[PDB]
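# Structural features, examined
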Amino acid sequence: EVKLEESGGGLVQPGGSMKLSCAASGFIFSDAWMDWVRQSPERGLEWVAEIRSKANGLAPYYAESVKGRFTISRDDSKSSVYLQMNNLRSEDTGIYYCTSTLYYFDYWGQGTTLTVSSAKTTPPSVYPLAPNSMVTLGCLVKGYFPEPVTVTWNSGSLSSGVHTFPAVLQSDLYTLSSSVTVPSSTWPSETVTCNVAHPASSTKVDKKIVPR
Amino acid sequence: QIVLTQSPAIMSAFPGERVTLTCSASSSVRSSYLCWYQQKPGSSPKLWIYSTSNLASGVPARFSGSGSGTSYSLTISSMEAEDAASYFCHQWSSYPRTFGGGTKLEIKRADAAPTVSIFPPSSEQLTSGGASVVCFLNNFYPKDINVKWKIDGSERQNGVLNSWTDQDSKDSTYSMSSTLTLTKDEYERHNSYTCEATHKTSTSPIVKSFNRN
């Protein structure tokens, strides 16, 4: 399968610089065109940059808003594409996807979140939410910055009946919640644990839900 | 820059209904470089149709694309539950490459009442001097819904944070989370905490409450 691993995201103060990397695998990297696309709630989907294959010029192309500040490059020997970003603005905040194009087919990575802000990184606090054929449990993930966090239940094996809600920002701090609904015979008989990862603070917290 | 306009931004549709989404360019776009992407929340956009009318791998046959010059369209013959998603048109005929605003496509289903669950503050959060009361309103349709918090009968609106999920792909319902945050002192000063949900499925609200005792 095609795989595009993105990295280099995180928090940066306005005016600072950051470099995004994308390591490719599963295809002939030298043949593909490599692009960077960005997505934000306010600006939608934005093509950011493109660099074509050696076969047709190796020519870079940029969006108007990033000209002179962003630099796209590629290393075929490492199957990697890079986006250097200088003098970053608040509008640069968003999810950056690395994409590859062969013929008319294209492939997107899972993306990495870039946040341009002067606020400080802070790890999340994970609070258990405990209380009839079904029973609902949850986790409150409060007071973290920046986005994102990932939430699973029992290391991803408990996927049915899960609702992870979008984060809400207030006072430069994010808060979200996650609920899971299970049969009443399974809890507290079987264990239910939420797993919360916050890569920006390099933190992961597991919380087993136990009755009150 | 070629600007693409996808109106309307939101669209509802019946199961089995023929749906059509439009994409209008400010200038001419070569059909070979007009494509459509599908996106579901929490996941990257996926190439859905390339070169105006060619279905990508994995896309069911009920999808089709059409158009030319300055007007393109995506058409679903029989709307199904798994088709509820956002759809973006994209052009790379003239650089810079540009996307449409996207169209949120939602499917209709039989009305369903929310499952409401209330949770008092955890002891861990109390040790830090805060108190959050959580209310989940899960798996309801339609998306229109109201929630309000009551402390000892008095309506509360400060310290409330709401969050909504997009339409579920399997049962086509919606969900909501409401969090009322207080200081530990404020929380200890009252007894009755109430979360009540008003939805199109009942004249009287669904009420869930608890007392600190």
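Method of determination, as annotated in the archive: X-ray crystallography, at 2.601 Å resolution.

Under the PDB entry, chain B has the name Fab light chain and belongs to Mus musculus. This deposition appears in the PDB under the title "Mouse antibody 3.3 Fab in complex with PEG".

Naming follows the PDB entry, where chain A appears as Fab heavy chain of Mus musculus.

Here we take up the domain arrangement of chain B. Residue and element names in this part refer to chain B. Here chain B is described as being made up of domain 1 (4–107) and domain 2 (115–211). Placing the centre of domain 1 and that of domain 2 at their C-alpha centroids yields a distance of 37 Å. Between domain 1 and domain 2, the contact holds 10 residues from the first and 7 residues from the second. Carbon and sulfur atoms supply 39% of the area that domain 1 and domain 2 bury against each other, a total of about 660 Å² over both sides. Per-residue buried area on domain 1 facing domain 2 is highest for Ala-81, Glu-106 and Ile-107; these three make up 52% of the total on that side. Put simply, domain 1 and domain 2 have 2 salt bridges between them. In this structure, the salt-bridge partner of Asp-166 is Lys-104, at a minimum N-O distance of 3.3 Å. There are 4 residue pairs in polar contact connecting domain 1 and domain 2. Of all elements in the fold, only β2 (10–13) and β11 (103–107) reach the threshold of two or more residues within the side of domain 1 that touches domain 2. When residues of the side of domain 1 that touches domain 2 are assigned to their parent elements, the largest contribution, 3 residues, is made by β11. Split by residue class, the side of domain 1 that touches domain 2 holds 5 nonpolar, 1 polar and 4 charged.

We now examine the state of the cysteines. Scanning all chains against the criterion turns up 4 disulfides over all chains. Each disulfide pairs two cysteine sulfurs, and for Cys-139 of chain A the partner residue is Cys-194 of chain A, the sulfurs being separated by 2.0 Å. Torsion about the S-S bond of the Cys-139 of chain A and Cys-194 of chain A cystine: about -90°, corresponding to left-handed handedness. With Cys-139 of chain A in strand β13 (residues 134–144) and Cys-194 of chain A in strand β18 (residues 193–198), the pair connects residues that are 55 residues apart, well separated along the chain. Residue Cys-194 of chain A is classed as buried on the basis of its relative accessible area of 0%. Bridging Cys-135 of chain B to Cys-195 of chain B, the disulfide has an S-S length of 2.0 Å. Around the S-S axis, the bridge from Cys-135 of chain B to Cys-195 of chain B shows a dihedral of about -90° and counts as left-handed. One end of the pair, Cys-135 of chain B, is in strand β13 (residues 130–140); the other, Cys-195 of chain B, is in strand β18 (residues 192–199), with 60 residues separating them in the sequence. On the basis of relative accessible area, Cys-135 of chain B is assigned to the buried category, the value being 0%. When the bonded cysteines of chain B are numbered from the N-terminus onward, they pair as 1-2, 3-4. Sequence-ordered numbering of the bonded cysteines in chain A yields a pairing of 1-2, 3-4.

Note on placement: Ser-177 of chain B falls in strand β17 (residues 174–183). For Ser-177 of chain B, the side chain forms a polar contact with the side chain of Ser-177 of chain A, separated by 2.7 Å. In this structure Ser-177 of chain B touches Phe-165 and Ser-177 of chain A together with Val-134, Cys-135, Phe-136, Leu-161, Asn-162 and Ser-163 of chain B, once residues within four positions along its chain are discounted.

Attention shifts here to the pattern of salt bridges. Residue and element names in this part refer to chain A. Tallied over the full model, the rule gives 22 salt bridges over all chains. For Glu-46, the salt bridge identified is with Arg-43, shortest N-O distance 2.2 Å. A residue is classified by how much of its surface remains accessible, and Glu-46, at 13% relative accessible area, is buried. Accessibility expressed as a relative area gives 37% for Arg-43, which makes it partly exposed. Several salt bridges converge on common partners, so that one network encompasses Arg-38, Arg-43, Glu-46, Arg-69, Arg-89, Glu-91 and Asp-92.

Once that is clear, we can look at the sheet that holds β18 of chain A. Sheet strands line up and pair through hydrogen bonds in the backbone, either parallel or antiparallel. All names here are of chain A. Read from one edge to the other, the open sheet built from 3 strands follows the order β14-β18-β19, with strand pairing classed as antiparallel. Of all strands in the sheet, those with a lone pairing partner are β14 (150–153) and β19 (203–208), marking the two edges. Taking each pair of neighbouring strands and ignoring which way they run, the sheet shows an average axis angle of 15°. Across 6 bridges, the pairing between β18 and β19 is antiparallel. Bridged to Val-196 within β19 is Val-205.

What counts and how
- Residues numbered from 1 in each chain as written, not as in the entry; some residues may be left out.
- Chains lettered and ligands numbered in written order.
- Heavy atoms only, no water.
- Residues with missing side-chain atoms left out of burial classes, pairs and counts.
- Domains from an automatic or database assignment.
- Contact = heavy atoms within 4.5 Å.
- Buried area = accessible area lost by both parts, 1.4 Å probe.
- Salt bridge = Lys/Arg side-chain N within 4 Å of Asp/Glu carboxyl O.
- Polar contact = N/O pair within 3.5 Å; in protein donor to acceptor, adjacent residues only side chain to side chain.
- Helix = DSSP H or I, 4+ residues; strand = E, 2+ residues; numbered from the N terminus.
- Nonpolar A, V, L, I, M, F, W, Y, C, P; charged D, E, K, R; others polar.
- Disulfide = S-S within 2.5 Å.
- Buried < 20%, exposed > 50% of the residue type's maximum accessible area, 1.4 Å probe, protein only.
- Pairing = 2+ DSSP bridges.
- Axes fitted to C-alpha atoms, helices over the stretch in contact; angles between N-to-C directions.

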